Amino acid sequence: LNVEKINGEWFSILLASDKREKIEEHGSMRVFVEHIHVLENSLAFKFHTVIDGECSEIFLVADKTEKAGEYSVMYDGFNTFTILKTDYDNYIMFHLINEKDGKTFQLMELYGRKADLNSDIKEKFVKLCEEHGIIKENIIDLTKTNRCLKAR
Ligand SMILES: CCCCCC(C)=O
Ligand SMILES: [Cl-]
Ligand SMILES: [Cl-]
Numbered sequence: 010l011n012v013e014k015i016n017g018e019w020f021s022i023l024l025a026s027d028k029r030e031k032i033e034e035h036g037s038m039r040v041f042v043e044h045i046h047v048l049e050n051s052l053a054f055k056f057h058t059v060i061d062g063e064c065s066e067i068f069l070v071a072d073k074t075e076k077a078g079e080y081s082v083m084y085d086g087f088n089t090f091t092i093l094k095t096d097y098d099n100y101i102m103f104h105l106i107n108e109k110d111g112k113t114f115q116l117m118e119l120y121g122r123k124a125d126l127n128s129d130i131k132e133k134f135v136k137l138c139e140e141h142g143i144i145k146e147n148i149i150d151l152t153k154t155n156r157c158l159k160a161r
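In the authors' numbering, each residue's number is its place in the sequence shown (first place is 1) plus 9.
Structure, rendered in C-alpha cells:
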C-alpha cells in the first residue's frame, strides 16, 4: 500500500460492527469521515457525528504502531486499525479493533471519494464483513442516514 495515496477527502458509506449498538444512531462509532491527512508517522482524520440531533466535529490522529500497516488511536477506549483494500481514487476499507474494559469489538468501514459507491463494491464489502464475523444485519448503509454532509 502506498499510504500517501489515501490522502484527501472521503465520505463514509457503509459502517459495520459485531457490536451493533456502537454504530447505531447514538453510538460512539457512528462517525462520518471528511478527510484523511497522511503525515510522516500518522494519519490525521476529521469526522462529523450527530449529538442530540446536531452535527459536530471530531478530529483524531492515529499513530503507526510497531506492527507494519497498523495504526492506533484513543477514542472511546483504545483502537487499532489497518487498511484492508483500496484503489485510492474510489474506495477504501478499514478494519478496526476497539478495546475498553478488556472487552473488544470490531468496526469495519467503507469510504468513498464520492458520497456513494456502486453495488458491486458495496457487496464486496459486505462479504468481507461476513468473513470477519460481522453479519449482514450489522452493516448499516449510511447514505440513508444523516451524515452531516451539510457541515462539510
Ligand atoms: C473512530 C475511531 C477510529 C478512527 C479511524 C478509523 C479507521 O475510522
Ligand atoms: Cl456507544
Ligand atoms: Cl446527510
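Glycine included, every Cβ here is placed at the ideal spot set by N, Cα and C.
Check                                                                               : Outcome
Spatial distance of residue 116 from residue 27 (CA atoms)                          : 7 Å
Residue(s) in a DSSP beta bridge with residue 117                                   : 25 and 104
Contact test: residue 36 Cβ vs ligand 2 heavy atom, cutoff 6 Å                      : yes
Start and end residues, alpha helix (DSSP H) containing residue 128                 : 128-140
Inter-residue CB distance, residue 58 and residue 74 (contact presumed, cutoff 8 Å) : Incorrect: roughly 25 Å between the Cβ atoms, too far for contact.
Three-way DSSP call (helix, strand, coil) for residue 89 in this model              : strand
Backbone CA spacing between residue 146 and residue 43 [nearest angstrom]           : 26 Å
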